[PDB]
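S.K.: Here it is: the structure, laid out below.
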Amino acid sequence: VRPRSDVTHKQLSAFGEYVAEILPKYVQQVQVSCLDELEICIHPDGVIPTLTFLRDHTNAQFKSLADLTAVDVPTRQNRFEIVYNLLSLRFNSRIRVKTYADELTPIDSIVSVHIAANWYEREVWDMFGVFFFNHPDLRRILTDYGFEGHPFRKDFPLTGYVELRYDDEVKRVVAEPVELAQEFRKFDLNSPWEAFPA
Amino acid sequence: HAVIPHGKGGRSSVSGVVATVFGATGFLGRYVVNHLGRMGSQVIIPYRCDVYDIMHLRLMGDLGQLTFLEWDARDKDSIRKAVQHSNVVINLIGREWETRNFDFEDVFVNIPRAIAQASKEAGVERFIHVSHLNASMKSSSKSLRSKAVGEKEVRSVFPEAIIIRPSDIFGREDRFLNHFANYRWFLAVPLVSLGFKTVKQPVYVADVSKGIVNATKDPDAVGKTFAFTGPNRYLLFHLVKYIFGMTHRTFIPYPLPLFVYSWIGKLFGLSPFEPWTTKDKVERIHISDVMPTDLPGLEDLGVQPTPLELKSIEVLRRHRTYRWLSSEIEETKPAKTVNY
Amino acid sequence: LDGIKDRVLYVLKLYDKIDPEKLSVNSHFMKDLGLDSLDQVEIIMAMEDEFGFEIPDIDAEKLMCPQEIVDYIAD
Amino acid sequence: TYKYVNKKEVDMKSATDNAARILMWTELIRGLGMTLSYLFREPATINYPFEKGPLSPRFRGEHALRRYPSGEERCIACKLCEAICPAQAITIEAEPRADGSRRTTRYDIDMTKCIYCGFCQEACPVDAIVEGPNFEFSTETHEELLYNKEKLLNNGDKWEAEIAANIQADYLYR
Amino acid sequence: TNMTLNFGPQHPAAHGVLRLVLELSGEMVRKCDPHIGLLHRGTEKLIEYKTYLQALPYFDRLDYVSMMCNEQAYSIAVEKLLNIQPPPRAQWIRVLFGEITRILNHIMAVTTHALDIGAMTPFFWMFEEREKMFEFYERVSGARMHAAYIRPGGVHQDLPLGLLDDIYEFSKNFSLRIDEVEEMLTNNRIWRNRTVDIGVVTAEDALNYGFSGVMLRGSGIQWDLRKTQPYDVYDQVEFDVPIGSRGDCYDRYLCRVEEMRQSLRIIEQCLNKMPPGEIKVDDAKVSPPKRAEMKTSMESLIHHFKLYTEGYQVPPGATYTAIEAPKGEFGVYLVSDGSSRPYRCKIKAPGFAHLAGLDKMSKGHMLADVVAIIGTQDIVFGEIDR
Amino acid sequence: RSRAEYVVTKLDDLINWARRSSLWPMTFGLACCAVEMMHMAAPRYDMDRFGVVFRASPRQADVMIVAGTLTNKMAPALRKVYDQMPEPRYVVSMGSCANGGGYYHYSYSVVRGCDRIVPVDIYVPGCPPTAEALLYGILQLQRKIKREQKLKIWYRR
Amino acid sequence: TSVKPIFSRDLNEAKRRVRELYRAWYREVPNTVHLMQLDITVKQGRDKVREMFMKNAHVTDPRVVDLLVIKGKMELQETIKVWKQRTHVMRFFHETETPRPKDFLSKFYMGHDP
Ligand SMILES: CCCCCCCCCCCCCCCCCC(=O)OC[C@H](COP(=O)(O)OCCN)OC(=O)CCCCCCCCCCCCCCCCC
Ligand SMILES: NC(=O)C1=CN([C@@H]2O[C@H](COP(=O)(O)OP(=O)(O)OC[C@H]3O[C@@H](n4cnc5c(N)ncnc54)[C@H](OP(=O)(O)O)[C@@H]3O)[C@@H](O)[C@H]2O)C=CC1
Ligand SMILES: COC1=C(OC)C(=O)C(CC=C(C)C)=C(C)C1=O
Ligand code: SF4
Ligand code: SF4
């Protein structure tokens, strides 16, 4: 059993209401996970406003952005779930603000609020395809220069569709449709028996 | 004996052609192994060059597709084991220079006849023998004349053995195109008859290769003597200048009697290390291309020839100077075509 | 003033995917030639290189007439 | 608890001291002394072929399949070594041997695919697949690196004596 | 484009894959646009197709200079999701090898920094000490690096009988080895010049660009996730964060040499106070059963078979757990469905943020300055590219 | 003796001894197997002792050790640098990530092996192939060179 | 229906951008062939560009068109600045791949599944 300190669960819950009241607009489903972690959830339009309040509020200074990520729940209408994890050096606390973005409904960029996001937002576009308005320079950060398709999308094949080899005839590296010599063995692992939720 | 062809068509797929290819290390060869490997065929490449040189061929073949065997032309046993498990044998064994302990007749005729005899013994389904174009037993150049003797013999050792007969080949690393371009070192570029009356029809190497490969996988070709030729003929004059044109180097076509010139070939021939020009070469160069009257090759075997000007830029780019390498072929003027 | 039309006519026929002797000043790239929307774009660009003046993104949209192009180039 | 790594009068004595440091390169000479000192220390290198860098019993090294002392190969094809391999390296297909027992017709570890995690060593119930001590198996051709049951069983027979000693030393720990 | 040149990926400078396009007016850098992904390999997507225990080896490869410290971050994360915590001895171990790993990273960062600068003897001096440390890894895990020792429920196997004594002899001496490097670089009349006042980063700007590492600590911001948010038993030890002022390449360096020093203080303690006990949780549910038990007890075989073949079956949830990896804050955001294989695992790499800062650090700087700044960020392209 | 064949062999050997004693490597240092090579260069297992120089640029490099994943973006470069080396050149693939694909074989951004982009002469196995193992691999390249007989084939050709 | 707009409220306002990109790409081709020393025709390259722009001619939705040119513009910026090399450009001009036939006889003869 982990050493939970209820002292935290309460204080962070209380801040969660604080933020919910301060920004009744743009903020819904604020919940403190059973892991002593807060995860305000905001309407995509509240990206700029909610972050700024957290970066510049005396009672909630959240100066550095630990990470910007986008889980992809294909079932969910709004496929992506942009998650921004932020840290308060002054209050020794951390919070998560997560929004939802569909493939062709872009989110605002927070490079203004935190310049850390300049790179992570490019990372989210390259892997998942979400677009960020007002970004200084969006461009592939991790994928190859000519890569077609957004890789971390759940609908993208792991091996992908193209692989590279050197061809003598043309004396230059050349893509070809992927041909694998041992396909990824897809072990089915889920057990047909559940675990009675505690 | 066969291998059902499964796969999508690229590397890591199977086509079912196990093929010994004795002279693969060659300029043409390199290409033959390329397609055979691309298609997914099993390729056995006999080699007598050192392992370091054979490395370039390893990468185009997929894992286990290429097998390399140590082989000596004088030793009959080496040819025997190479064709043990092959069902297709392709012979590209030729050298334009006559080396000290391999004379022209031996490389062009003796080595192929023994190789063809071995696969008849082995039971290879088909043998493809390659001999130079316009080759007659009473022709001007010994190389050609001999090669002509050869195509005959192998027929008796191996009946219904395809005999593709390519023209001088156009390709990167070829001689036909590089040789002329390399005349730069020579201040003047001798051209017998000032490069006239020796109309020549080049053929891209790949076209030749693809053609050869297609032969391996087609029942229509048996005893056929195809002639891969090209998409356009040329008087040697335009060819020479054109080359110099893309190379962007001046041209001074100088008449010099073939009589005296055969002597220049003799001079280089004298050199120990791979003579650059050959008495037998010289004649060949001024040996006029024969009009296609033999079995159609390219197109007939499935590949549409590729014009010289199209890929010339790639072959002659290295010959070019510091500047003019970004010069491209379409701003350049393509030379006229003389069918004669 | 006609010299412009002389140059404009020369540019239209040279690309060779249009005006196979059907070149007319009243002729409209989109209306009768059938040349594609994009191809027109190529055309206007072409005219820009010979004229030495680059026309804006929009006005290309209004002129589909070689005669109207000469009208604008003269301005 | 924190600490200030670099947080900070002018007297002739002081200045003259500082000026001498710049003028006659005093600190630079200090650095030369350190290297001269080691020049005199014994070098730590080992003759590689003659002397070998020490590896203790858990070293994972090269895969081998063990056999029972009687001579029956240990593997019974439960195939969970295949299940837990992170790289998909091990390929196993099995069928009942005429004896009626359960054995693997084909066991192929692709060593180029393998990342030598040592979980297979962990997972095997009969402990048939073990991480053998040898690390020197560099091969001229890529195909040699792919290993079938016969190479691994042969690898197992060659190194069984040391593998047994190594497993003997570390089994109490596991 | 100011004769824009692209810093070489093969270049000895850099960690092997940095194509830094730089437009340079002569020898002055106008703009640095680092390119990344020369080492993207798919680590984040591959993990979704693998079970929790078979994704542990990926973390060692994410930033392999710091082989283990990275594992601890996934461990902690998977333990939180399961609400299981490792046994007391395992915790101390992880802090023991957690610190040894910090030294290993700093010996890499300080000595590789110098090799690019041009000092080559410090690298050979400390790579011998590194070597000796690797041997600890090997005699504990089996692998010199890429151990897989720290697993999601504690360590894999207890320390060999005798390691602690040797992690003492070494520690007892390593100091002098750090001292030597010093007599060669800390005050070199020349190290200072190429390092001092190069890449100064303000305090407000460091927090803004998410630097979160020595890079913040060097600017004087006091933040060590190990003291602010204790993980494992780093709370029970006593160490001093080496904060810096006049943050610049030289100051941060001094900080990295000081944490090498402070880690020896933490290692000493761990050897002095490591408890008798078990090294893995006793829940066969999360930790694999001991091999004597699985070979004599049915419930243990069933638990061994299911754990290795299927997996932990972590309860559905998501967590961001960050430790203080030697480079900086290493965090795993591990979203998890009830399944045995994860759903997402964004690895926050101290390094994606640091590289981004290269632009705002190397401004109006010479070609040699860029080489010095890539060194003062300890960029391991594995973590950045993931 | 004077029959040329003997004379040739001896000469070849000399040539082989020179290339095999002094191999100057270059380390693309992709990934981590680079750390295990820096260890070779380091004092326990001195590479120089054998004549291998710690570092070399591509122009002056005899052998290229590809350590680490050869990702699809880096694949065009590897080739370039392989193509920018001298006429007597060699490639020692190091690491399961470069021998084949390694832990990242099925990824979309990783070339499944460097021998698909550069011909490879010795494949050194192991995720962090042990430094001793690389040293074993470099020593096997030395035995590969010793056996090469370039001039005798010239003479017999 | 009822979808927020990325770039153009309506298609006629977006085609505009598509064209502008078309202009930019048109001019770029010539420079690239020379700088990257490619084995292609200036006209050939310009032909490919046409092909691509047309491939996605069917898109009717304004939002999809806007992101397509968002992608398109970054493509030419990497094409320019020579971030893409010859190998990444020539790939557009697919080579070394046996175009797969679409005739049923061709599919029946080779390939188990069409
Ligand atoms: C009546 C009397 C009349 C005469 C009066 C004379 C007065 C006393 C003499 C005054 C001058 C004494 C010193 C002269 C030489 C040194 C000059 C000097 O200042 O060195 C330049 C440089 C200074 O260091 P830096 O911190 O960069 O500069 C600070 C100020 N800007 O220093 C450096 O950067 C040095 C870098 C050296 C790098 C290599 C070091 C090698 C060290 C070992 C070799 C030392 C020399 C061995 C010589 C052997 C014999 C030839
Ligand atoms: N390129 C041309 O000029 C044309 C050639 N041809 C024909 O096509 C064939 C291939 O042409 P190309 O590739 O240019 O020829 P090459 O000069 O490249 O040589 C072809 C191969 O023959 C091998 N070879 C040569 N002599 C011997 C020998 N004594 N014993 C064993 N093997 C030997 C060579 O191997 P190694 O060098 O390793 O000994 C080489 O790999 C030739 O036989 C030629 O008749 C037809 C038209 C034009
Ligand atoms: C880890 O990143 C790397 C470097 O910079 C830190 C190197 O200099 C080098 C070059 C070092 C040697 C052994 C020549 C390598 C291999 C590398 O990958
Ligand atoms: S686990 Fe051990 S026994 Fe079961 S299959 Fe793999 S190897 Fe054979
Ligand atoms: S092989 Fe193992 S070590 Fe070498 S790169 Fe791939 S992962 Fe890192």
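In the structure tokens, the first chain shown is A, the next is B, and so on; residue numbers restart at 1 for each chain, and ligands run from 1 in the order shown.
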Within 6 Å of ligand 2, which residues show up when you count only C-alpha atoms and all ligand atoms? List them as a compact mmCIF listing (two decimals) with N, CA and C atoms, in the first residue's frame, please.

M.R.:
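File written: selection-v8.txt
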```
# COMPACT_ATOMS: atom_id res chain seq x y z
N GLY B 23 29.98 -14.21 -63.99
CA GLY B 23 30.68 -12.91 -64.10
C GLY B 23 29.86 -11.77 -63.52
N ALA B 24 29.30 -11.93 -62.34
CA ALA B 24 28.45 -10.89 -61.77
C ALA B 24 29.20 -9.63 -61.42
N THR B 25 30.45 -9.74 -61.04
CA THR B 25 31.19 -8.57 -60.60
C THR B 25 31.24 -7.49 -61.67
N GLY B 26 30.89 -7.84 -62.89
CA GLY B 26 30.99 -6.89 -63.98
C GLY B 26 30.00 -5.76 -64.00
N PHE B 27 30.24 -4.78 -64.86
CA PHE B 27 29.36 -3.62 -64.99
C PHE B 27 27.97 -4.05 -65.36
N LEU B 28 27.85 -4.98 -66.30
CA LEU B 28 26.54 -5.48 -66.64
C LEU B 28 26.09 -6.31 -65.49
N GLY B 29 26.96 -7.18 -65.02
CA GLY B 29 26.60 -8.04 -63.93
C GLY B 29 25.95 -7.29 -62.80
N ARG B 48 36.00 -14.79 -58.33
CA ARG B 48 37.44 -15.10 -58.17
C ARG B 48 38.17 -13.79 -57.79
N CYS B 49 37.38 -12.71 -57.68
CA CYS B 49 37.93 -11.40 -57.23
C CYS B 49 37.97 -11.54 -55.71
N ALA B 73 38.33 -20.48 -63.42
CA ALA B 73 37.94 -20.88 -64.79
C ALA B 73 38.69 -22.13 -65.27
N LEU B 92 28.12 -14.07 -68.21
CA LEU B 92 28.56 -12.72 -68.63
C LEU B 92 30.10 -12.66 -68.64
N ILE B 93 30.75 -13.78 -68.94
CA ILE B 93 32.24 -13.81 -68.83
C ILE B 93 33.00 -13.26 -70.03
N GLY B 94 33.45 -12.01 -69.95
CA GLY B 94 34.28 -11.45 -71.03
C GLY B 94 35.21 -10.36 -70.54
N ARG B 95 36.36 -10.18 -71.18
CA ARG B 95 37.29 -9.10 -70.83
C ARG B 95 37.86 -8.56 -72.12
N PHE B 102 45.08 -15.64 -69.58
CA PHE B 102 43.69 -15.84 -70.06
C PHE B 102 43.68 -15.09 -71.40
N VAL B 107 38.69 -16.78 -72.71
CA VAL B 107 37.60 -16.15 -71.90
C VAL B 107 36.29 -16.19 -72.68
N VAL B 130 25.86 -14.49 -73.21
CA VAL B 130 25.89 -13.10 -73.73
C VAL B 130 27.11 -12.94 -74.64
N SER B 131 26.90 -12.50 -75.89
CA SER B 131 28.02 -12.26 -76.83
C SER B 131 27.86 -10.86 -77.44
N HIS B 132 28.94 -10.20 -77.84
CA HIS B 132 28.82 -8.80 -78.32
C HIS B 132 27.99 -8.71 -79.61
N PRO B 166 24.13 -8.13 -76.85
CA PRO B 166 24.00 -6.69 -76.66
C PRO B 166 24.97 -5.83 -77.47
N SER B 167 24.58 -4.58 -77.76
CA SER B 167 25.49 -3.64 -78.47
C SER B 167 26.44 -3.13 -77.39
N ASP B 168 27.37 -2.23 -77.73
CA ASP B 168 28.21 -1.65 -76.64
C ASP B 168 27.22 -1.01 -75.67
N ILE B 169 27.41 -1.17 -74.37
CA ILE B 169 26.41 -0.67 -73.43
C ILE B 169 26.50 0.74 -72.86
N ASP B 174 30.17 2.45 -67.45
CA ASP B 174 30.38 1.78 -68.72
C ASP B 174 31.63 2.33 -69.35
```

S.K.: Tell me, as an NGL selection string, which residues lie within 8 Å of residue A:163, counting only C-alpha atoms; anything in the same chain fewer than 4 positions away does not count.

M.R.: (:A and (175-178)) or (:F and (72 or 108-109 or 111))

S.K.: Using only C-alpha atoms and all ligand atoms, determine which residues fall within 8 Å of ligand 5, then list them as a PyMOL selection string.

M.R.: (chain D and resi 115) or (chain E and resi 61+64+146) or (chain F and resi 30-34+67-69+94-98+101-104+126-129)

S.K.: Residues within 9 Å of ligand 3, counting only C-alpha atoms and all ligand atoms: report them as a PyMOL selection string.

M.R.: (chain E and resi 10-17+65+108-109+112-113+115-116+375+378-381) or (chain F and resi 25-42+53-56+65-68)

S.K.: Keeping C-alpha atoms, export the residues of the selection given above as an mmCIF file, in the first residue's frame.

M.R.:
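Below is the file that was written, out_27.cif:
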```cif
data_model
loop_
_atom_site.group_PDB
_atom_site.id
_atom_site.type_symbol
_atom_site.label_atom_id
_atom_site.label_comp_id
_atom_site.auth_asym_id
_atom_site.auth_seq_id
_atom_site.Cartn_x
_atom_site.Cartn_y
_atom_site.Cartn_z
ATOM 1 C CA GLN E 10 28.802 12.324 -37.257
ATOM 2 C CA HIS E 11 30.774 15.186 -35.862
ATOM 3 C CA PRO E 12 32.722 14.182 -32.904
ATOM 4 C CA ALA E 13 31.057 17.107 -31.212
ATOM 5 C CA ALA E 14 27.477 16.447 -30.378
ATOM 6 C CA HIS E 15 26.236 13.070 -29.263
ATOM 7 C CA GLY E 16 26.147 11.738 -32.810
ATOM 8 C CA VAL E 17 22.889 12.872 -34.310
ATOM 9 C CA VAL E 65 24.314 7.139 -19.878
ATOM 10 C CA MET E 108 30.154 11.363 -18.832
ATOM 11 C CA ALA E 109 28.945 14.934 -18.984
ATOM 12 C CA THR E 112 32.802 14.482 -22.749
ATOM 13 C CA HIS E 113 32.342 18.285 -22.340
ATOM 14 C CA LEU E 115 36.820 16.305 -25.033
ATOM 15 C CA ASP E 116 34.816 18.649 -27.303
ATOM 16 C CA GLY E 375 28.041 20.068 -23.587
ATOM 17 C CA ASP E 378 24.210 16.910 -21.313
ATOM 18 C CA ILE E 379 22.167 16.156 -24.372
ATOM 19 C CA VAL E 380 21.724 12.428 -24.901
ATOM 20 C CA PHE E 381 19.810 12.169 -28.158
ATOM 21 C CA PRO F 25 38.082 4.023 -36.878
ATOM 22 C CA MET F 26 35.313 6.622 -36.938
ATOM 23 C CA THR F 27 32.297 6.315 -34.580
ATOM 24 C CA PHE F 28 29.047 7.627 -35.855
ATOM 25 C CA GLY F 29 27.965 7.157 -32.295
ATOM 26 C CA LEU F 30 24.400 6.633 -32.913
ATOM 27 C CA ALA F 31 22.621 5.633 -29.712
ATOM 28 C CA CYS F 32 24.364 4.068 -26.777
ATOM 29 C CA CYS F 33 26.617 1.369 -28.033
ATOM 30 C CA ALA F 34 28.809 4.477 -28.478
ATOM 31 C CA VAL F 35 29.245 4.579 -24.665
ATOM 32 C CA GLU F 36 30.503 1.018 -24.820
ATOM 33 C CA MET F 37 33.032 2.025 -27.422
ATOM 34 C CA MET F 38 34.260 5.071 -25.533
ATOM 35 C CA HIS F 39 35.020 2.445 -22.907
ATOM 36 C CA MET F 40 37.203 0.606 -25.359
ATOM 37 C CA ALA F 41 39.068 3.853 -26.098
ATOM 38 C CA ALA F 42 39.337 4.279 -22.297
ATOM 39 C CA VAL F 53 43.223 5.557 -33.060
ATOM 40 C CA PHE F 54 40.713 6.941 -30.705
ATOM 41 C CA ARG F 55 39.187 9.315 -33.266
ATOM 42 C CA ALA F 56 39.364 9.989 -37.017
ATOM 43 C CA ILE F 65 31.822 1.320 -36.485
ATOM 44 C CA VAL F 66 28.048 1.885 -36.678
ATOM 45 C CA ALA F 67 26.988 1.881 -33.036
ATOM 46 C CA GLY F 68 23.299 2.380 -32.345
#
```

S.K.: Return the neighbours of chain A among the residues of chain B, cut-off 10 Å, counting only C-alpha atoms, as JSON, numbers by chain.

M.R.: {"B": [7, 8, 9, 10, 11, 12, 13, 30, 31, 32, 34, 35, 38, 56, 57, 59, 60, 61, 62, 63, 171, 172, 205, 206, 314]}

S.K.: Any chance you can output those residues with N, CA and C atoms as a short mmCIF file (atom, residue, chain, number, x, y, z; two decimals), in the first residue's frame?

M.R.:
```cif
data_model
loop_
_atom_site.label_atom_id
_atom_site.label_comp_id
_atom_site.auth_asym_id
_atom_site.auth_seq_id
_atom_site.Cartn_x
_atom_site.Cartn_y
_atom_site.Cartn_z
N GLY B 7 4.57 -13.77 -52.32
CA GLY B 7 5.06 -12.46 -51.94
C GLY B 7 4.35 -11.32 -52.64
N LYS B 8 4.77 -10.09 -52.37
CA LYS B 8 4.14 -8.93 -53.01
C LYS B 8 4.98 -8.43 -54.17
N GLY B 9 6.24 -8.84 -54.24
CA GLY B 9 7.06 -8.47 -55.38
C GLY B 9 8.38 -7.79 -55.08
N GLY B 10 8.56 -7.34 -53.84
CA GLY B 10 9.78 -6.64 -53.48
C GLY B 10 10.75 -7.51 -52.72
N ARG B 11 11.70 -6.89 -52.03
CA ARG B 11 12.68 -7.66 -51.30
C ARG B 11 11.97 -8.50 -50.26
N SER B 12 12.63 -9.53 -49.74
CA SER B 12 11.99 -10.43 -48.78
C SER B 12 10.78 -11.15 -49.37
N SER B 13 10.78 -11.36 -50.69
CA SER B 13 9.71 -12.10 -51.34
C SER B 13 10.37 -13.17 -52.18
N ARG B 30 26.65 -6.30 -62.27
CA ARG B 30 26.11 -5.59 -61.12
C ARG B 30 24.64 -5.43 -61.35
N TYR B 31 24.27 -4.80 -62.46
CA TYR B 31 22.83 -4.69 -62.76
C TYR B 31 22.02 -6.00 -62.79
N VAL B 32 22.58 -7.09 -63.31
CA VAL B 32 21.80 -8.36 -63.42
C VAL B 32 21.43 -8.82 -62.01
N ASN B 34 21.21 -6.98 -59.40
CA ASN B 34 20.26 -6.00 -58.83
C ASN B 34 18.82 -6.45 -59.07
N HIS B 35 18.40 -6.62 -60.32
CA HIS B 35 17.01 -6.97 -60.57
C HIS B 35 16.69 -8.34 -60.01
N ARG B 38 16.19 -7.84 -56.53
CA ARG B 38 15.00 -7.09 -56.25
C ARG B 38 13.81 -8.02 -56.38
N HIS B 56 30.11 -4.92 -52.57
CA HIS B 56 29.03 -4.05 -53.12
C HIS B 56 27.76 -4.83 -53.45
N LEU B 57 27.89 -6.08 -53.89
CA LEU B 57 26.71 -6.90 -54.27
C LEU B 57 25.88 -7.39 -53.07
N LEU B 59 24.51 -5.97 -50.34
CA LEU B 59 23.30 -5.22 -49.89
C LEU B 59 21.99 -5.23 -50.70
N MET B 60 22.11 -5.36 -52.03
CA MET B 60 20.90 -5.37 -52.90
C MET B 60 20.12 -6.72 -52.77
N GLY B 61 20.86 -7.77 -52.41
CA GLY B 61 20.24 -9.09 -52.20
C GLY B 61 19.65 -9.08 -50.80
N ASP B 62 18.52 -9.77 -50.60
CA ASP B 62 17.91 -9.90 -49.24
C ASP B 62 18.62 -10.99 -48.44
N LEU B 63 18.29 -11.14 -47.16
CA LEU B 63 19.05 -12.13 -46.35
C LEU B 63 18.91 -13.53 -46.92
N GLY B 171 25.93 3.08 -69.77
CA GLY B 171 25.53 3.12 -68.38
C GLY B 171 26.59 3.73 -67.50
N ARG B 172 26.25 4.14 -66.29
CA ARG B 172 27.30 4.64 -65.42
C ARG B 172 28.28 3.51 -65.23
N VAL B 205 22.26 0.25 -69.70
CA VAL B 205 22.60 -0.99 -69.03
C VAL B 205 21.39 -1.65 -68.43
N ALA B 206 20.57 -0.87 -67.73
CA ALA B 206 19.41 -1.44 -67.07
C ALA B 206 18.51 -2.13 -68.07
N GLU B 314 23.67 11.55 -65.80
CA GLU B 314 24.16 10.91 -64.55
C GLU B 314 25.52 10.29 -64.86
#
```

S.K.: Write out as a VMD selection string the residues lying within 10 Å of residue E:181, counting only C-alpha atoms and excluding same-chain residues fewer than 5 positions away.

M.R.: (chain D and resid 31 34) or (chain E and resid 110 to 111 121 to 123 125 to 126 176 186 257)

S.K.: Could those selected residues go to a file with C-alpha atoms, as a PDB file, in the first residue's frame?

M.R.:
```pdb
ATOM      1  CA  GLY D  31      47.948  21.250 -14.197  1.00  0.00           C
ATOM      2  CA  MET D  34      49.088  16.347 -12.282  1.00  0.00           C
TER       3      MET D  34
ATOM      4  CA  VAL E 110      32.053  16.684 -17.501  1.00  0.00           C
ATOM      5  CA  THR E 111      34.666  14.552 -19.363  1.00  0.00           C
ATOM      6  CA  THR E 121      43.022  13.456 -20.349  1.00  0.00           C
ATOM      7  CA  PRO E 122      40.134  13.957 -17.947  1.00  0.00           C
ATOM      8  CA  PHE E 123      37.998  11.519 -20.034  1.00  0.00           C
ATOM      9  CA  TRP E 125      41.113   9.394 -16.076  1.00  0.00           C
ATOM     10  CA  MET E 126      37.398   9.090 -15.176  1.00  0.00           C
ATOM     11  CA  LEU E 176      40.557  11.920  -5.101  1.00  0.00           C
ATOM     12  CA  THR E 186      38.268  23.898 -12.359  1.00  0.00           C
ATOM     13  CA  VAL E 257      31.221  18.282  -9.959  1.00  0.00           C
TER      14      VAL E 257
END
```

S.K.: Counting only C-alpha atoms and all ligand atoms, what residues are within 7 Å of ligand 4, given as a list in words?

M.R.: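 Protein and nucleic-acid residues within 7 Å of ligand 4: residues 74, 75, 76, 77, 78, 79, 80, 81, 82, 120, 123, 124, 125, 126, 127, 128 and 129 of chain D.
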
S.K.: What is the atom CA of residue F:87-atom CA of residue B:70 distance in Å, reported with one decimal?

M.R.: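 So the answer is 23.1 Å.
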
S.K.: So how far away is atom CA of residue E:262 from atom CA of residue E:238, in Å?

M.R.: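 The value is 9.2 Å.
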
S.K.: Using only C-alpha atoms, find the one residue out of E:220, E:317, E:88, E:34 that sits nearest to chain G.

M.R.: E:34

S.K.: From the DSSP assignment of the backbone, select every residue of stretch 53-215 of chain B that is alpha helix (DSSP H), and format the answer as a PyMOL selection string.

M.R.: chain B and resi 53-58+76-84+104-105+111-122+142-157+176-181+205-215

S.K.: When the cut-off is 12 Å and you count only C-alpha atoms and all ligand atoms, which residues lie near ligand 1, shown as a PyMOL selection string?

M.R.: (chain D and resi 16+18-33) or (chain E and resi 187-194)

S.K.: Could you pull out the strand (DSSP E) residues of stretch 87-181 of chain E, going by DSSP on the backbone, and write them as a list in words?

M.R.: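 Filtering stretch 87-181 of chain E to strand (DSSP E) leaves residues 150, 151, 154 and 155 of chain E.
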
S.K.: Got time to write the residues from that selection, C-alpha atoms, as a PDB file, in the first residue's frame?

M.R.:
```pdb
ATOM      1  CA  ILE E 150      15.099  -1.885 -11.204  1.00  0.00           C
ATOM      2  CA  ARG E 151      11.741  -3.410 -12.041  1.00  0.00           C
ATOM      3  CA  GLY E 154      11.478  -3.376  -6.454  1.00  0.00           C
ATOM      4  CA  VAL E 155      14.803  -4.684  -7.593  1.00  0.00           C
TER       5      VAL E 155
END
```

S.K.: Within 9 Å of residue A:129, counting only C-alpha atoms, which residues show up once you throw out same-chain ones fewer than 6 positions away? Write them as a ChimeraX atom specification, please.

M.R.: /A:103-104,149-151,153

S.K.: Any chance you can output those residues with C-alpha atoms as a CSV table (one decimal), in the first residue's frame?

M.R.:
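Below is the file that was written, again26.csv:
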```csv
chain,number,residue,atom,x,y,z
A,103,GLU,CA,-8.1,16.0,-36.0
A,104,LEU,CA,-9.2,19.1,-37.9
A,149,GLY,CA,1.2,10.2,-41.8
A,150,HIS,CA,1.1,11.0,-38.1
A,151,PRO,CA,2.8,8.0,-36.3
A,153,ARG,CA,-2.1,7.9,-33.9
```

S.K.: Can you work out which residues from chain F touch chain G at a cut-off of 12 Å (counting only C-alpha atoms) and hand them back as a list in words?

M.R.: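 The complete set of qualifying residues is residues 72, 73, 74, 75, 76, 77, 79 and 80 of chain F.
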
S.K.: Show me, as a list in words, every residue of chain A with an atom at most 7 Å from chain G, counting only C-alpha atoms.

M.R.: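 That gives residues 104, 105, 139, 145, 146, 172, 173, 174, 175 and 176 of chain A for chain A.
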